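Undergrad: Pasting a structure here, questions to come.
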Amino acid sequence: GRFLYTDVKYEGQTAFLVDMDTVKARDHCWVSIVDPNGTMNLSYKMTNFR
Amino acid sequence: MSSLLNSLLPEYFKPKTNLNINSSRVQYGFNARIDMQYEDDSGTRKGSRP
Amino acid sequence: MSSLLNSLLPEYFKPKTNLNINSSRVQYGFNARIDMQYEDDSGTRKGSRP
């Protein structure tokens, strides 16, 4: 459940046009928001490995 | 070299003796708990993936 | 002996005057909250019975 930059599948330089209207909601916790505004800060902690 | 390859396993995991493999495919992973905290110009939101 | 048998009831519970019993069977108990924490050789897991 992570994103690597190699998923773009293009070595070299480019600019991306992100579709902000068609943002689907697959898995939603209470944290999950659709409309970001300004400077986005996300602080997560991982505990209880099994 | 047992002592070398035994060190690579994570500190929390200690596997048992036998393993009855009955297929040509095995998934291996862990069940972690994520405690996310979001902050932007609109406001704050706190969640938790159990 | 009121003062003797009154002492047996738990400190949190203080019952009201009247009780309209309308059957030959009464369940009595409490609704508690349990916060379990598990640890073994495989790893750690944390839950909560609400």
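Chains as they are written, first to last, in this note's numbering: chain V, 41 to 90; chain Z, 44 to 93; chain B, 44 to 93.
Think of the CB as a built atom: it goes at the ideal place given N, C-alpha and C, for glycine as much as any other residue.
Once DSSP output is grouped into helix, strand and coil, what is the label at residue 93 of chain V?
TA: With chain V covering only 41 through 90, there is no way to say anything about residue 93 of chain V.
Undergrad: Nearest CA to the CA of Z/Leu52: which residue from B/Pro93, B/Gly86, B/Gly90 and B/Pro53?
TA: Nearest of B/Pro93, B/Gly86, B/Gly90 and B/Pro53 to Z/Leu52, Cα basis: B/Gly86.
Undergrad: Tell me, please, whether the CB atom of Z/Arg68 is closer than 8 angstroms to any CB atom in chain B?
TA: False, the Cβ-Cβ gap to chain B never drops below 8 angstroms.
Undergrad: Figure out for me which residue from V/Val71, V/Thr46, V/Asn88 and V/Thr62 has the closest Cα to the Cα of V/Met80.
TA: When only C-alpha atoms are compared, the closest one is V/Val71.
Undergrad: Starting from B/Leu48, trace the alpha helix (DSSP H) in both directions and tell me its first and last residue.
TA: Looking at the DSSP string, the run of the alpha helix (DSSP H) that includes B/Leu48 is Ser45 to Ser50.
Undergrad: Is there contact here, the segment 63-72 of chain Z with the segment 75-93 of chain B, by at least three beta-carbon pairs under 8 angstroms?
TA: Cβ pair count under 8 angstroms is below three, so no.
Undergrad: Since V/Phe89 meets chain B, which of its residues come closer than 8 angstroms, beta carbon to beta carbon?
TA: Within 8 angstroms Cβ-Cβ: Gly86 and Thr87.
Undergrad: Identify whether Z/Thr60 lies in helix, strand or coil by the three-state DSSP scheme.
TA: Of the three classes helix, strand and coil, the one that applies to Z/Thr60 here is coil, per DSSP.
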